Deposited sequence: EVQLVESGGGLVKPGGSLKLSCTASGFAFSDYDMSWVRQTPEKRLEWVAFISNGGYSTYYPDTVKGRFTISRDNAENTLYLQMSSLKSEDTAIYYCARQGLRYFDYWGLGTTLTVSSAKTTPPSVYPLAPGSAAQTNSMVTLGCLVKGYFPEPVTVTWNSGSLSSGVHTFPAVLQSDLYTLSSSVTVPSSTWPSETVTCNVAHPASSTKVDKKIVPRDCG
């Protein structure tokens, strides 16, 4: 089967550089023109860069022309995007996409880029305690950058659960997560939010205690 796998995304300071890679398999890569396309936080799809199958031809929109360079290694079935002098408007999910004809026909799963001057910060994780059912949660405050993951009872609780989108301001993120469990089993039987923030190498377990 046709497969495209992007990699290399991360956090970069404004004015910095970063090289993205895309690995191709399941088809004759050197026969296909290829592009990079991005989805902005406002959910618009933006064509970013194009290269023809043999690498002879190249195209960039004016918003990135001169700072981005697309290239390919046909013997290694790999497509690249070298970005430089990066700006906050570049923050997006970046996709690899194949162009047998001019419309795209296969996409990768994406790699995420964040451009920010903000400093990497681990979260503070606070318990939330308040019927045949109880609703608990945890507050994850003051972290940077995205993402955080939240599980309940080591992932073993899984329908009273949903997590709300982080809100940014004062250049830190805050979110919360909710859990609904049978009132019989809590506070009779403990419930814990596991929080993970990979960028700051943080995992924290916070027990939910009643009143």
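Of the deposited sequence, the ranges 131-136, 218-220 have no C-alpha coordinates according to the record.
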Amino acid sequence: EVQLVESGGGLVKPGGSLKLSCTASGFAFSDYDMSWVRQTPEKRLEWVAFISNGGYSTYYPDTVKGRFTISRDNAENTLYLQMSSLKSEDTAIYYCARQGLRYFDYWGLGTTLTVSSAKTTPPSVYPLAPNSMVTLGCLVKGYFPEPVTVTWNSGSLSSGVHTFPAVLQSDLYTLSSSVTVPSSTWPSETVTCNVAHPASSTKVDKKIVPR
From here on, numbers count along this sequence of modelled residues.
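167-175 and 48-56 differ in mean CA B-factor, and the higher of the two is recorded for 167-175. When the two stretches 182-190 and 30-38 are set side by side, the higher mean Cα temperature factor goes to 182-190. Which of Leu79, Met133, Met83, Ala97 has the largest Cα B-factor in the deposited entry comes down to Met133.
Among the modelled residues of its chain, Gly108 has a C-alpha B-factor that falls in the lowest third according to the deposited record. In the deposited entry, the Cα temperature factor of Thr63 places it in the middle third of its chain's modelled residues.
The PDB entry assigns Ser124 a C-alpha temperature factor belonging to the highest third of its chain's modelled residues. Ranked within its chain, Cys138 lands in the highest third, by CA B factor from the PDB record. Annotation for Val2: C-alpha temperature factor in the middle third relative to the rest of the modelled chain, per the entry.
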